[PDB]
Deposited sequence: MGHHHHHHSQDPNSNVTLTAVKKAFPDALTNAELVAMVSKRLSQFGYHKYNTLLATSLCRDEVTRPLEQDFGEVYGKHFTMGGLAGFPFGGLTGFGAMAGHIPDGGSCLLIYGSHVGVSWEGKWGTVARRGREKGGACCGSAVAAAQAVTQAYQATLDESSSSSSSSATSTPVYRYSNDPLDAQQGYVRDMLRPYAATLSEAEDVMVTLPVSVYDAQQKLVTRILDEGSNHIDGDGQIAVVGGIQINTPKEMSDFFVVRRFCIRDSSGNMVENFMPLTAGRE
């Protein structure tokens, strides 16, 4: 079963519903409601990642996709400046970002009914193999972010499990670096895509609130 597989690798995984309930509740105490809140995402643009945005979309009205290949916010600081303009009058922003990974009905990681994450996996093979382009400009940027994780990916026990871990790690550092330059609440972690008739999962690894200044006002971790 897939449940067993997920709970094994990631015992702290919450269901999408649990994730959204968890987050909405907490952010309620800080002024976050349905129509004063910009939901921004930085998830991979493969369609399997849609369920998380959909679930969060019901609770928060307007939405902004900031996600590039593999879930990287490679719009960078300029892209962030664009997002800030979508924030409602007197509003705040919620940023959900994360890597993602498929796990099949047969409990297999790195896939779900093809490769998932396709883009991460691709770049994984490219950086490990070499451990031993305006037409694909972003895939190259994904490779660059994954280069420092090469050793870990070859040394890894199970690679299709270590991969989204490594991708979230690189995303986290980037997002932090970007926010620091530029209230905004931040959810970060690992998205887990399961078979259609089955709830998806999210591993929370960062849940905090920052100010217009740039310092961490709260940390729910």
Regions left out of the model, expressed as runs of the deposited sequence counted from 1: 1 to 15, 129 to 135, 155 to 178, 229 to 236, 276 to 282
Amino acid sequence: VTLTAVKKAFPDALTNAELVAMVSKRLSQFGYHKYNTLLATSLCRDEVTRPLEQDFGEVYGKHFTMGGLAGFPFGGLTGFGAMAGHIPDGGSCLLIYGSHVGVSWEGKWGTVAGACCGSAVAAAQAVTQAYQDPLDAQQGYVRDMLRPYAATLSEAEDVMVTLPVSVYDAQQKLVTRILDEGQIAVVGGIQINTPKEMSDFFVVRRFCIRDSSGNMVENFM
From here on, numbers count along this sequence of modelled residues.
Would you determine, from the values in the PDB entry, which of 184 to 192 and 150 to 158 has the greater average C-alpha temperature factor? 150 to 158
Higher-B stretch (mean Cα B-factor, as the entry records it), 119 to 127 or 93 to 101: 119 to 127
Relative to the other modelled residues in the chain, which third contains the C-alpha temperature factor of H63: lowest, middle or highest? middle
Can you tell me whether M83 has a C-alpha B-factor in the lowest, middle or highest third compared with the other modelled residues of the same chain? middle
Would you mind checking where the Cα B-factor of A9 ranks among the modelled residues of its chain, as the lowest, middle or highest third? highest
Lowest, middle or highest third: where is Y32 by C-alpha B factor in its chain? middle
Hey, what third does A113 fall into on Cα B-factor, ranked over its chain? highest
